[PDB]
Amino acid sequence: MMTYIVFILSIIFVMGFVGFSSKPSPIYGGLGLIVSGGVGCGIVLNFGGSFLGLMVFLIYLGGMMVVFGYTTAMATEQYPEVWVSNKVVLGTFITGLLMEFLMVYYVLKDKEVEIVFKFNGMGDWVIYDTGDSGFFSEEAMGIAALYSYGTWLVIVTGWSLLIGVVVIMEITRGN
Amino acid sequence: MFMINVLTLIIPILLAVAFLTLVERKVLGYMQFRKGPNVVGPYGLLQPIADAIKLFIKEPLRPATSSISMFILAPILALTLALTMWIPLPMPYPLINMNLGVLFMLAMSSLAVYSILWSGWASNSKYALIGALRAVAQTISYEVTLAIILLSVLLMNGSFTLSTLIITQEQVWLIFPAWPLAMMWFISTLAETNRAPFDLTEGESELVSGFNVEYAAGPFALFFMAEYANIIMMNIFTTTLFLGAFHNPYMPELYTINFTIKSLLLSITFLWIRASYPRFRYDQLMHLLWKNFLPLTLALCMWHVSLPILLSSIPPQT
Amino acid sequence: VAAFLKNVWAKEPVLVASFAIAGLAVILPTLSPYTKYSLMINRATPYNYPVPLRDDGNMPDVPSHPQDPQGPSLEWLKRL
Amino acid sequence: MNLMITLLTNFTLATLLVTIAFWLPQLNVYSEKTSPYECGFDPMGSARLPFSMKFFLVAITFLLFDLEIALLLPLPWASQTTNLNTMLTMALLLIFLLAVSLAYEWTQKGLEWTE
Amino acid sequence: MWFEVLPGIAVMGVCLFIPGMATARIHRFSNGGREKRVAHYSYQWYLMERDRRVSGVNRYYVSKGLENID
Amino acid sequence: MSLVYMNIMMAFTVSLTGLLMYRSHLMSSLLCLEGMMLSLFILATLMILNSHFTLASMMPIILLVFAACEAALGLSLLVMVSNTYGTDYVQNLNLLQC
Amino acid sequence: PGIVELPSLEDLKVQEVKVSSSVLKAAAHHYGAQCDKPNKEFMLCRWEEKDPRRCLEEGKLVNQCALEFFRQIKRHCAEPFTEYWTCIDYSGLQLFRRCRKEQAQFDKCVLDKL
Amino acid sequence: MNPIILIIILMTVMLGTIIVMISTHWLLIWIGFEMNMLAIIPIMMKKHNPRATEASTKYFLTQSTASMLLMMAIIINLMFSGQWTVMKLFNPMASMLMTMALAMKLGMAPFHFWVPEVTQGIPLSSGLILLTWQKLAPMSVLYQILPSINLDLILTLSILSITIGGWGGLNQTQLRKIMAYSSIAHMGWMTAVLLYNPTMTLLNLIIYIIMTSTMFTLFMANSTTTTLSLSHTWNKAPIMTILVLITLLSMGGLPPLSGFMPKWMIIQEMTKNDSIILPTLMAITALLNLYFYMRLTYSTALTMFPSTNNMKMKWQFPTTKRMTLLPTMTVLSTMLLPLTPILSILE
Amino acid sequence: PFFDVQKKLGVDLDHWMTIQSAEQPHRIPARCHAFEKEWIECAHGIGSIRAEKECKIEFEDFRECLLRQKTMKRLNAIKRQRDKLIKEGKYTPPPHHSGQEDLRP
Ligand SMILES: CCCCCCCCCCCCCCCCCC(=O)OC[C@H](COP(=O)([O-])OCC[N+](C)(C)C)OC(=O)CCCCCCCCCCCCCCCCC
Ligand SMILES: CCCCCCCCCCCCCCCCCC(=O)OC[C@H](COP(=O)([O-])OCC[N+](C)(C)C)OC(=O)CCCCCCCCCCCCCCCCC
Ligand SMILES: CCCCCCCCCCCCCCCCCC(=O)OC[C@H](COP(=O)(O)OCCN)OC(=O)CCCCCCCCCCCCCCCCC
Ligand SMILES: CCCCCCCCCCCCCCCCCC(=O)OC[C@H](COP(=O)(O)OCCN)OC(=O)CCCCCCCCCCCCCCCCC
Ligand SMILES: CCCCCCCCCCCCCCCCCC(=O)OC[C@H](COP(=O)(O)OCCN)OC(=O)CCCCCCCCCCCCCCCCC
Ligand SMILES: CCCCCCCCCCCCCCCCCC(=O)OC[C@H](COP(=O)(O)OCCN)OC(=O)CCCCCCCCCCCCCCCCC
C-alpha cells in the first residue's frame, strides 16, 4: 500500500487539523499545527515542491514558537485541557476523527465519493507527468522569476510589510 | 544495506559525544590550572563509560504535576532531531544527498527548539518556565540573522546543495572573501546551541538547572548527548561552509582526515571560548544580534548580491 | 560634516560601516563596465534546445552547420 | 524511500533509550521525592500563572521578519535570469525596505523592553 | 601535562573518521566500484533510468560499452 | 478530481467549523486562522505543481507573507485586550452591546 | 469521440543504441558534430508536427545514423574511447573536467585517424 | 498619532482600494483587500479606549474570515478554470463562496452583526471612513463578476438586509448605530438591483456616499454623538438644524430631494424585468427608515428641546472646525433631482 | 467600477501571471497549454454570452485536461473489470505487464 503514500500523509494532515481545531489548549493546538505543517510539507515535497514545503515548514515553526511564547505569557489557565479534561473538546475530537475515518472507509470501498464536488478513489500517482524537466526544477525557476518579472508584486509586498511594521508600532502604544 | 550505513553513521557520533564529554572535562580542567579525570582508567579513557552506565541505572523520577506525555516526548524529539539532521552533511559524500540541504538543516534547527520549550512547559516548575522563555528569546534573537548570513554566504556557492560547496572552495577558502560573515556565523552558532557565553537556558547561576531541572537521570542524558551532537554538527557545518578542504575522488580519506581535524580544532575553539567569558544577559543578547549584527548583515547581503553582477562572477547553478 | 562623521564613527562604528558598505553596493554596479559581461554570460547559457528553422531560401544570417563561421560565437567568454 | 527509513531508525533508537532507562533499575516512589523543586521549600502559587512577557513587540517584528527575509531566499537562483538590472533593483529595494523598517523600529524605541 | 588531552582527542578523531569514509566504502560497494551517481535534476534521473533499462540486469551501474553495438 | 484535493478541502472545512464556534479563547481562533491559511496554501501549491503553471509559483509564498499581515496583527490586537482585562476571554468583549 | 490511432508494434521495431549513459556523454560532441543533419531534421519535424506518430521515420533515421557513428568509432579508436568512457563513468557527477588527459588522447586519436 | 504616520496610513488605505479597483488578477484583489484591512485597523484605534479595542477585534475577525472565504473561492476558480482573469467564474460553489465573502465584507445581513457595534465603538472620523470608503472595493468586485452570482442568493440577501436594517434602526438612540442600520438598509437596496443594471447600483452608491458624508460631517460640526446633544444643537446654531433636517428628509426617499434619485429608478429597473412584488415590498420596508429619520428630525429641528445654562458661554465662541466641502455636499445631497439624466455618464 | 489603468498607460502589471500560455521562464509550457490556447483563441472578442455556447467544446476539453475526471473514470472502470476477472480466475496477466517485459532501450 505504498502507492497511497500521499493519501496517508493527507489522512494524518486532516487528523492533525481535527486535533488542533477542537481547541483544547493553545499548547497542544500548537503541537497539532506543527504536526499538520510537517505532513503538509511532506505532501507538497512528494508533489515535487521541496523548496515550498521547506519554506512553509520553517515559517510555521517560527510562527508557532512565537505563538507558544504568547500563550505561556498571556493565554494561560490554572488547569489546561490536554484533550480529555473537557467533555465538549473530547467529544468533538472523537466525532471529527470518526467523520474522517468514515470518509476514508467510504472512498476506499467503491473508489468514488460525492462531497459537494466529486472525487475519485485511486491514488494521486496517476495524475503525474511522464516527461522530464531538463536541468532545472520548474518551481525553483518559477519562484526565482519573482524579481525578473514580478516587480509590482515585490513593490506592493514590501510596502505592505513596512506598513505592517508601522501598524504594529502604532497599535501597541497606549497613548 | 542502508541499515548498515545509518547505524555506522549514528553509533560513532554517540561515541564521539561521550569522548567529547571526556575531552571537554579534561581540556577545561587544563585551562583552569588543574587536571581532568585520570583515575578511572589509563588517562581517564573509561570516564564516559562510567558516566553512561551510572546514568542509566538511576531512577527516572517522573513528577506528579508534570504532563507525562509531553515530558516523555520532548527528550525523544530532542535526540531524534539531533540524529536525523547529521545526514545531509557531505563527509565527503553525504548519506542523504539533498538538493536543499541548507534549508533542511535550518528547518530542523528551528524544530529542535520545541524540545527545550516543551521540556520547560511540561515539567510544572517556575525555573523550567524561565528557561523555556529564555530559549524563546534566544531563538528570536538569533534566527533571522543566522538565515540572512547563510543566504549572503550562499550567493557565491550557486545553490543550496551542500555537496557543491566543496567544488566552490576548490580554489580558495570561503573565509577569505567572507570573513565578517564568518565571524558573525561563528557567534550565531555559539548562540544557537545555548553554549557559553550564551548559555541562558541551563544557567547554573541565575537558575539551578533551567529547563532540565526536573529531569533526573536517563532522560537527562538525552539532552546532554543532543547538545553535544549539536555542537559537533555546528562545527562540521562551519567547516564545510567556510573551510572547504581539498577533495580527491579517488581518495576520500584525505578529505575525511582534513575536515575531521578542522572540526576538532573548531570544537577546541568552542571550549576555549567557554572557559574564558562571563555569561551574557538574555536581554543584552537580544540587543546584540538585533542592533549590531543585523544592519551589518543586511549591508553585507546587499554587497554580496551586487558583487557577482559587478564582476561577471555569477556562479553556476548546476 | 567632518565633525558629525567623526562623532558617529567614535560612537557607533557598526552603523558607519553598514552605511558605507550599503553605499558602495548601491553606487558601484552603475560604475563598473562588467555588468554587460554578466548579461551576455547569463544569456549565452543554453538551457533549452536550439530548435532549427525551416530553410525557405533567403536566410543569410543563420548557418546550416554549427561549425560554419556564421552565428553567435563566444570567443570573448573564452578570453574574458 | 531512504529518508523515512532514516527517520524511523533514529526515532526507534531515541525511543528505546527511555524504556531501557525506565524498566531496568530499581524504583522507589513516595509522595515526597516527586514534588516540584523550589530550592528546598514548597513554592508559592503554581507554574501555570501568567508569565508577563516584555519582548512582545520584538516577537511580532520577528514574525514579520522571518518571512520577509524568506522572500529574499531565492536570490541565488534569481542571479541566473537574463534580465539582471531589474532583479538587482528589486532585490536592493527589498533589502532597503527591510532596513527602513528596522530603522523605524529602532528610532521609535521599539526594540527596548517594557517596564 | 597538556599532551594528555591528545589521547582522548585522538579517539574523537577516530570517532569522526569512522562514519563518513564508511559511506564512501558503501558507495564503492553497492555501485560496483564507482561513485554513487547523483540525480539533482530530472535529466540525470532519466539517464539513470535509461542506463538501468539498457543494462538488462536491472542494475544501473552495470555499464555496457561500445562492444554491445554491431 | 483526485483524492488529496478532497482531503485538503476536508481539512479546510474542519478548520472552518473549528473557527466559527468559539470556545472562550482568542488564541484558539488565531490558531484556526493559521490552519485555514495553511490549508489554502497547500491546496494552491498542489494545484500549481500539478498543472505545471511555473509562473504562478510566485503566488503561494507571497500569499504566505500576507498571512502574517493579519496573523501577527491579531497578536497586536490581543495585548491591549490583555491590558484591558487580566485574561483574553471573548466573553469580556461585550461592552459594545448598548 | 474518435478512436485514438496508434501504430502497430512492428512499426516501432528498430535496433536501439544499447550503450550506457556515460558512453553517450563521452562521445557527445563528435556525435553532435558528425550526425547533425538527421537529428536536426527529426527535431524540426517534432517541433512542427506536434505528434510522435508522424515523426517515426525520422527517429528511425536518427537511430541508424547514431549506430553508424558508433560503428565508425568502434572500427578505429576502440581502446582510447574505452579508456575515456570508463574515466567518465567512474565519476558520480560525470564531470567533464576530471578526465582531461584521456579526453585529449581521444580527440587526438580520432583527429589523426578519422 | 503623528500626522506623517496618519497621512501615510490614509494613503495606504487609498492605495489598497485603488489596487482592488484597477487590477486584473485575483491574487492582486486579495492583496489589496489585505492591505486595506491592515491599514484600516489602526484608524479605529486612534483614541486608545477599550471600546476601540473591542471594535477592532470584532472587525478584524470578521474581515479575516471574509478574506479566507474569498481566497478559498479564488483557489477553487483557479482549479476549475486554470486562469486568473477577474471575470465571470466557472463554478457555482466558487460564486456562492465569493458572494458570502463579499456580503461579510459589506456588512450585509445576516452578516450585519458587527456593523453597529464597530460603528459605535470607534470615533466619528473612523466611522465615516469605514462606512463610506470601505464600501467601494467589494462593490467593484461584485460589479466585475456580474454573470456569476446566483439570483436567488443575492436577492434573498438584499431583502434580508433591507428588512433587518429597517427593523433595527427603530430601537436606537445613538447616532452611529442609526447610521450603521441605515447603511445596512442601503446595502440591501444597492444589491437588490445589481443583476439587472449596475448603473443604477453605481448611482445609488454615489448618492448614499454623499448623504452619509453630509450627515457625518454635520455630526462633526455639531460635535454630537447621541440624540440629546443633537436636540441641544438648536441653541448653538439653527442653520445646522436646518441642514440636518433637509438632509434627513433627503435620506428618507422623499421627493423632490435627491434621495428619491436612486430608489425610484431602481423600481424603474425591476418592472422592466417583470418583478413587481419586490420593489413594492422594498419601498414598504424603506418606510421604516423614513420613520426613524422623521423621529430624528422631530427630536432635532422641529421641536425646541430644553437646554442647560452653560450653553450661554458657547454663544460667545464661534465654530473653528474644518468643515470641508460641507455646503457643496449638502447642496448635492438635497437639490440634485432635476439633473436626473446625469447618471448616463455612469455607463 | 473597473478603472482600467493598465491599458490606458500601457503598463504591464499582472497580465503575465493571468494565464498559463503567457511568457513563461525558459519557455516552460504548461501541461494544458494547447487546450487553453485553443479556448482563448476561440472565445476572443465574441463576448461571454456567445462564448458560453459557441466555444463550449474547447472549454470542455480544457476542463478535462485540467482535472482528468473522465480519464480517472475510464481507468477506474478498467481496473475494476480487471480485478473482477482476476477474482473469477478468467484472466491471466500478460508477461509484459508482470515485470519481465524488456523495454526498448
Ligand atoms: C569562523 C572563523 C572564526 C571566527 C571567530 C572565532 C574565534 C574568535 C571568537 C572571539 C570570542 C567571541 C565571544 C562572544 C562575543 C559576543 C559579543 C560580540 O560578538 O559582540 C559583537 C560586537 C557588538 O558590539 P557591542 O556589543 O560592543 O555593542 C556596541 C554598542 N554601542 C555602540 C551602542 C555601545 O561587534 C559586532 O557586532 C561586530 C561584528 C563583526 C564586524 C566585522 C567588520 C568587518 C569590517 C567591515 C568594514 C570596516 C571598514 C569600514 C568600511 C570600509 C568600506 C570599504
Ligand atoms: C394605505 C394602506 C392601503 C394601501 C393599499 C395599496 C394598494 C394595495 C395593492 C398594492 C399591490 C402592490 C402594487 C401592485 C402593482 C401592480 C402593477 C401591475 O402591473 O400588476 C400586474 C402584475 C402582473 O405581473 P407581471 O406584469 O409581472 O406579469 C405579466 C402579466 N401576466 C401575469 C399576465 C403574465 O401583477 C404583479 O406582478 C403582482 C401584483 C400583486 C402584488 C402583491 C404584493 C403586494 C401586496 C400589497 C402590499 C401593499 C402595502 C402593504 C403595507 C402598507 C404600509 C403599512
Ligand atoms: C507527535 C510528534 C511527532 C512524532 C514523530 C516525529 C517524526 C520525526 C520528526 C522530525 C522530521 C520531520 C521531517 C519533515 C519533512 C522533511 C522533508 C525533508 O527532509 O526533505 C529533504 C529532501 C528534500 O530534497 P529534494 O530537493 O526533494 O530532493 C529530491 C531530489 N533528489 O527530501 C527528499 O529528498 C525526499 C525523500 C523522501 C520524502 C518523502 C515524503 C516526506 C516524508 C515525511 C514523513 C513524515 C514527517 C512528519 C513530520 C512531523 C513533525 C512534527
Ligand atoms: C544611502 C545609503 C544606504 C542606505 C540604505 C541601506 C542601509 C543599510 C544599513 C541598515 C541599518 C539599519 C539600522 C539603522 C538605524 C539608524 C537609526 C538609529 O537607530 O540611530 C540611532 C543612532 C544613535 O544611537 P542611539 O540613539 O543611542 O541608539 C539607541 C541604542 N543604541 O544614530 C546614529 O548612530 C546615526 C545614524 C545615522 C547617520 C549614519 C551616518 C553613516 C555615514 C557612513 C559613511 C557615508 C555613507 C554615505 C551614504 C549615505 C548615508 C546617509
Ligand atoms: C572509537 C574508539 C572507542 C574506544 C573506546 C574505549 C577506549 C578505551 C580502550 C581500553 C583502554 C584500556 C582499559 C583498561 C581498563 C582496566 C583493565 C584492568 O586492569 O582491569 C583489571 C580488573 C580487575 O582485575 P584483577 O582480577 O584485579 O587483576 C589481577 C591483577 N594482578 O579487571 C577488570 O576490570 C575485568 C576486565 C576488564 C577489561 C576491560 C578492557 C577495556 C574495555 C573498554 C570498552 C570498549 C572496548 C572497545 C570497543 C570498540 C572496539 C571493539
Ligand atoms: C462609481 C464609483 C464612484 C466613486 C467615487 C469616489 C469619489 C472620491 C472618494 C469619496 C469617498 C470618501 C472620501 C473621504 C473619506 C472620509 C475622509 C475623512 O473622514 O476625513 C477626516 C477629516 C477630519 O477633519 P477634522 O474635522 O479636522 O478632524 C476631526 C478629528 N478627527 O474630514 C472630515 O471628517 C470631513 C469630510 C472630508 C471629506 C468630505 C468630501 C469627500 C467625501 C464625500 C464626497 C463628496 C462629493 C465628491 C465625490 C462624488 C462621488 C462620490
# chains A, B, ... in the order shown; residues from 1 in each chain; ligands from 1
>>> residues_around(residues="range 16-23 of chain C", least_positions_apart="6", cutoff="12 Å", atoms="only C-alpha atoms", output="ChimeraX atom specification")
/B:180,291-307 /C:4-10,29-30 /D:92-93,95-96,99
>>> residues_near_ligand(ligand="ligand 2", cutoff="6 Å", atoms="only C-alpha atoms and all ligand atoms", output="PDB file with C-alpha atoms, in the first residue's frame")
ATOM      1  CA  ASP H 274     -41.384  41.684 -14.635  1.00  0.00           C
ATOM      2  CA  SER H 275     -40.698  41.938 -10.894  1.00  0.00           C
ATOM      3  CA  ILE H 276     -43.450  43.953  -9.221  1.00  0.00           C
ATOM      4  CA  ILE H 277     -43.735  42.377  -5.747  1.00  0.00           C
ATOM      5  CA  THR H 280     -43.257  47.280  -3.572  1.00  0.00           C
ATOM      6  CA  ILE H 284     -42.822  49.480   2.181  1.00  0.00           C
TER       7      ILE H 284
END
>>> residues_around(residues="residue 342 in chain H", least_positions_apart="5", cutoff="10 Å", atoms="only C-alpha atoms", output="ChimeraX atom specification")
/H:203,336-337
>>> interface_residues(of="chain D", to="chain B", cutoff="7 Å", atoms="only C-alpha atoms", output="list in words")
residues 6, 7, 10, 11, 14, 15, 18, 21, 22, 24, 25, 27, 34, 35, 36, 47, 59, 62, 66, 73, 76, 79, 88, 92 and 95 of chain D
>>> residues_around(residues="range 6-20 of chain F", least_positions_apart="4", cutoff="7 Å", atoms="only C-alpha atoms", output="PyMOL selection string")
(chain A and resi 10-11+14+17-18+21-22+119) or (chain F and resi 2+29+32+35-36+39+43)
>>> write_last_selection(atoms="N, CA and C atoms", output="CSV table (one decimal), in the first residue's frame")
chain,number,residue,atom,x,y,z
A,10,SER,N,-2.0,12.8,3.8
A,10,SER,CA,-3.2,13.7,3.9
A,10,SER,C,-4.1,13.3,5.0
A,11,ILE,N,-4.2,12.0,5.2
A,11,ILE,CA,-5.1,11.5,6.3
A,11,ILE,C,-4.5,12.0,7.7
A,14,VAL,N,-5.4,15.8,7.9
A,14,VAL,CA,-6.7,16.1,8.5
A,14,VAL,C,-6.8,15.6,9.9
A,17,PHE,N,-5.4,18.4,11.8
A,17,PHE,CA,-6.4,19.6,11.8
A,17,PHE,C,-7.6,19.4,12.7
A,18,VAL,N,-8.1,18.1,12.8
A,18,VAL,CA,-9.1,17.8,13.8
A,18,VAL,C,-8.5,18.0,15.2
A,21,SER,N,-8.1,21.9,15.8
A,21,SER,CA,-9.3,22.7,15.6
A,21,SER,C,-10.4,22.5,16.6
A,22,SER,N,-10.3,21.4,17.5
A,22,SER,CA,-11.2,21.3,18.6
A,22,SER,C,-10.9,22.2,19.7
A,119,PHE,N,-15.2,13.2,-6.2
A,119,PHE,CA,-13.8,12.7,-6.0
A,119,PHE,C,-13.6,11.3,-6.3
F,2,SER,N,-9.1,14.5,-7.8
F,2,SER,CA,-8.3,13.5,-7.2
F,2,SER,C,-8.7,13.2,-5.8
F,29,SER,N,-8.8,30.8,18.3
F,29,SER,CA,-9.3,31.3,17.0
F,29,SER,C,-8.2,31.7,16.1
F,32,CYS,N,-6.8,28.6,14.6
F,32,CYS,CA,-7.7,28.2,13.5
F,32,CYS,C,-7.5,29.0,12.2
F,35,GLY,N,-4.4,27.8,10.6
F,35,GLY,CA,-4.7,26.5,10.0
F,35,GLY,C,-5.4,26.6,8.7
F,36,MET,N,-6.4,27.5,8.6
F,36,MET,CA,-7.1,27.7,7.3
F,36,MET,C,-6.1,28.3,6.3
F,39,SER,N,-4.0,25.4,5.0
F,39,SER,CA,-4.7,24.6,4.1
F,39,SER,C,-4.9,25.2,2.7
F,43,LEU,N,-3.4,23.6,-0.7
F,43,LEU,CA,-4.2,23.3,-1.9
F,43,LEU,C,-3.7,24.1,-3.1
>>> residues_around(residues="residue 61 in chain D", least_positions_apart="3", cutoff="9 Å", atoms="only C-alpha atoms", output="ChimeraX atom specification")
/A:165,168 /D:56-58,64-66,102,105 /F:72
>>> residues_around(residues="residue 72 in chain G", least_positions_apart="3", cutoff="12 Å", atoms="only C-alpha atoms", output="CSV table (one decimal) with N, CA and C atoms, in the first residue's frame")
chain,number,residue,atom,x,y,z
E,66,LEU,N,30.8,0.0,-25.9
E,66,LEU,CA,30.7,0.0,-27.4
E,66,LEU,C,30.8,-1.3,-28.0
E,69,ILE,N,27.1,-2.8,-29.4
E,69,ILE,CA,26.6,-2.5,-30.8
E,69,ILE,C,27.3,-3.4,-31.8
E,70,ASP,N,26.7,-3.4,-33.0
E,70,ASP,CA,27.3,-4.2,-34.1
E,70,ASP,C,28.5,-3.5,-34.7
G,30,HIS,N,31.3,14.8,-30.7
G,30,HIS,CA,31.6,14.4,-32.0
G,30,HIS,C,30.3,13.8,-32.6
G,31,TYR,N,29.4,13.2,-31.8
G,31,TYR,CA,28.1,12.8,-32.4
G,31,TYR,C,27.3,14.0,-32.8
G,34,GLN,N,29.0,15.3,-36.2
G,34,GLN,CA,29.0,14.5,-37.4
G,34,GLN,C,27.6,14.1,-37.8
G,35,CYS,N,26.7,13.8,-36.9
G,35,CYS,CA,25.4,13.3,-37.3
G,35,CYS,C,24.3,14.4,-37.1
G,65,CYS,N,21.7,6.5,-38.0
G,65,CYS,CA,22.9,7.4,-38.1
G,65,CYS,C,23.8,7.3,-36.8
G,66,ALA,N,23.1,7.3,-35.7
G,66,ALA,CA,23.9,7.2,-34.4
G,66,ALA,C,24.6,5.8,-34.3
G,67,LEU,N,23.9,4.7,-34.8
G,67,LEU,CA,24.6,3.4,-34.8
G,67,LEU,C,25.8,3.4,-35.7
G,68,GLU,N,25.6,4.0,-36.9
G,68,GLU,CA,26.7,4.1,-37.8
G,68,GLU,C,27.9,4.9,-37.3
G,69,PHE,N,27.6,6.0,-36.5
G,69,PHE,CA,28.6,6.8,-35.9
G,69,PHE,C,29.4,5.9,-34.9
G,75,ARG,N,35.5,0.9,-35.1
G,75,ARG,CA,36.5,0.2,-36.1
G,75,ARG,C,37.9,0.7,-35.9
G,76,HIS,N,38.1,1.9,-35.4
G,76,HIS,CA,39.4,2.5,-35.5
G,76,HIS,C,40.0,2.9,-34.1
G,77,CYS,N,39.2,3.4,-33.2
G,77,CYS,CA,39.6,4.0,-31.9
G,77,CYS,C,38.9,3.4,-30.8
G,78,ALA,N,38.9,2.1,-30.7
G,78,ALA,CA,38.2,1.3,-29.7
G,78,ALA,C,38.7,1.6,-28.3
G,81,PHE,N,38.8,5.4,-26.7
G,81,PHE,CA,37.4,5.7,-26.3
G,81,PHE,C,37.0,4.9,-25.2
G,110,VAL,N,41.2,10.4,-32.7
G,110,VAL,CA,40.2,10.5,-33.7
G,110,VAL,C,40.4,11.6,-34.7
G,113,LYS,N,43.3,9.8,-37.0
G,113,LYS,CA,42.9,8.6,-37.8
G,113,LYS,C,41.6,8.8,-38.6
G,114,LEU,N,40.7,9.7,-38.1
G,114,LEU,CA,39.4,9.9,-38.8
G,114,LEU,C,39.2,11.3,-39.3
>>> residues_near_ligand(ligand="ligand 3", cutoff="8 Å", atoms="only C-alpha atoms and all ligand atoms", output="PyMOL selection string")
(chain A and resi 9+31-32+34-39+41-43+45-46+48-51+53-54+57) or (chain B and resi 73+77+80-81+84+96-101+104+108+111) or (chain D and resi 1-4+7-8+11) or (chain E and resi 38-41)
>>> residues_around(residues="residue 169 in chain A", least_positions_apart="3", cutoff="12 Å", atoms="only C-alpha atoms", output="PyMOL selection string")
(chain A and resi 162-166+172-175) or (chain D and resi 56-58+60-61+101-102+104-111) or (chain F and resi 72-73+76-77) or (chain H and resi 1-2+5+42)
>>> residues_near_ligand(ligand="ligand 1", cutoff="9 Å", atoms="only C-alpha atoms and all ligand atoms", output="ChimeraX atom specification")
/B:175,179-187,190-191,196-198,238-239,242-243,266,269-270,272-274,276-277,280,284-285,287-289,291-294,296,300 /C:10-21,24
>>> interface_residues(of="chain H", to="chain A", cutoff="10 Å", atoms="only C-alpha atoms", output="ChimeraX atom specification")
/H:1-2,5,8-9,12,15-16,19,27-28,31-32,34-36,38-49,53,93
>>> closest_residue(among="H:125, H:307, H:226, H:161", to="ligand 6", atoms="only C-alpha atoms and all ligand atoms")
H:125
>>> closest_residue(among="I:34, I:42, I:66, I:51", to="chain H", atoms="only C-alpha atoms")
I:66
>>> residues_near_ligand(ligand="ligand 5", cutoff="8 Å", atoms="only C-alpha atoms and all ligand atoms", output="MDAnalysis selection string")
(chainID B and resid 12 15:16 41:42 45:46 49) or (chainID E and resid 11:12 14:15 18)
>>> select_by_dssp(residues="chain G", states="alpha helix (DSSP H)", output="ChimeraX atom specification")
/G:21-26,28-34,36-49,56-76,78-90,100-113
>>> write_last_selection(atoms="C-alpha atoms", output="compact mmCIF listing (two decimals), in the first residue's frame")
# COMPACT_ATOMS: atom_id res chain seq x y z
CA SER G 21 24.72 6.99 -20.49
CA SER G 22 28.43 7.64 -19.87
CA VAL G 23 29.26 6.12 -23.26
CA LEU G 24 26.89 8.63 -24.86
CA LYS G 25 28.25 11.52 -22.78
CA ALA G 26 31.89 10.71 -23.60
CA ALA G 28 28.51 13.58 -27.21
CA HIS G 29 30.32 16.38 -29.05
CA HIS G 30 31.57 14.35 -32.01
CA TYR G 31 28.11 12.79 -32.35
CA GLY G 32 26.59 16.26 -32.39
CA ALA G 33 29.08 17.47 -34.99
CA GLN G 34 29.03 14.49 -37.36
CA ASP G 36 23.87 16.79 -37.09
CA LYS G 37 21.63 16.84 -40.18
CA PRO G 38 19.29 13.84 -39.45
CA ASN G 39 18.90 14.82 -35.78
CA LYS G 40 18.11 18.38 -36.85
CA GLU G 41 15.59 17.16 -39.44
CA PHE G 42 13.94 14.88 -36.86
CA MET G 43 13.67 17.58 -34.21
CA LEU G 44 12.36 20.13 -36.72
CA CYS G 45 9.72 17.56 -37.69
CA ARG G 46 8.96 17.00 -34.00
CA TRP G 47 8.53 20.73 -33.33
CA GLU G 48 6.46 21.27 -36.49
CA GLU G 49 4.16 18.23 -36.33
CA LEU G 56 8.66 7.80 -36.70
CA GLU G 57 10.76 7.51 -39.87
CA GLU G 58 13.00 10.42 -38.86
CA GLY G 59 13.58 8.75 -35.49
CA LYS G 60 14.48 5.55 -37.33
CA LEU G 61 17.00 7.51 -39.44
CA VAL G 62 18.40 9.13 -36.28
CA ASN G 63 18.92 5.71 -34.69
CA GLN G 64 20.57 4.40 -37.87
CA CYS G 65 22.94 7.38 -38.10
CA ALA G 66 23.90 7.16 -34.41
CA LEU G 67 24.59 3.44 -34.76
CA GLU G 68 26.72 4.13 -37.85
CA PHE G 69 28.64 6.77 -35.87
CA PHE G 70 29.37 4.36 -33.03
CA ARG G 71 30.31 1.64 -35.54
CA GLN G 72 32.78 4.04 -37.17
CA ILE G 73 34.25 4.79 -33.73
CA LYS G 74 34.48 1.05 -32.95
CA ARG G 75 36.46 0.24 -36.10
CA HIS G 76 39.45 2.52 -35.46
CA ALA G 78 38.15 1.34 -29.70
CA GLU G 79 40.58 1.43 -26.77
CA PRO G 80 41.16 5.22 -26.26
CA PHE G 81 37.40 5.74 -26.34
CA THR G 82 37.13 2.78 -23.95
CA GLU G 83 39.51 4.48 -21.52
CA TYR G 84 37.72 7.82 -21.91
CA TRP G 85 34.22 6.49 -21.26
CA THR G 86 35.49 4.41 -18.33
CA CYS G 87 37.06 7.52 -16.79
CA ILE G 88 33.84 9.49 -17.34
CA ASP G 89 31.78 6.59 -15.96
CA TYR G 90 33.79 6.45 -12.73
CA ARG G 100 41.06 15.92 -19.47
CA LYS G 101 44.08 13.75 -20.34
CA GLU G 102 42.05 10.78 -21.63
CA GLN G 103 39.83 13.26 -23.47
CA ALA G 104 42.83 14.89 -25.17
CA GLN G 105 44.09 11.43 -26.12
CA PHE G 106 40.68 10.51 -27.56
CA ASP G 107 40.23 13.56 -29.80
CA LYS G 108 43.92 13.41 -30.80
CA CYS G 109 43.48 9.80 -31.94
CA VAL G 110 40.16 10.48 -33.67
CA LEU G 111 41.58 13.57 -35.42
CA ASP G 112 44.68 11.76 -36.65
CA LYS G 113 42.86 8.60 -37.76
>>> interface_residues(of="chain F", to="chain D", cutoff="9 Å", atoms="only C-alpha atoms", output="PyMOL selection string")
chain F and resi 61-62+64-65+68-69+71-73+75-76+79+87
>>> residues_near_ligand(ligand="ligand 6", cutoff="7 Å", atoms="only C-alpha atoms and all ligand atoms", output="PyMOL selection string")
(chain H and resi 125-126+128-129+132-133+202+205-206+209-210+213+217+220+321-325+329) or (chain I and resi 1)
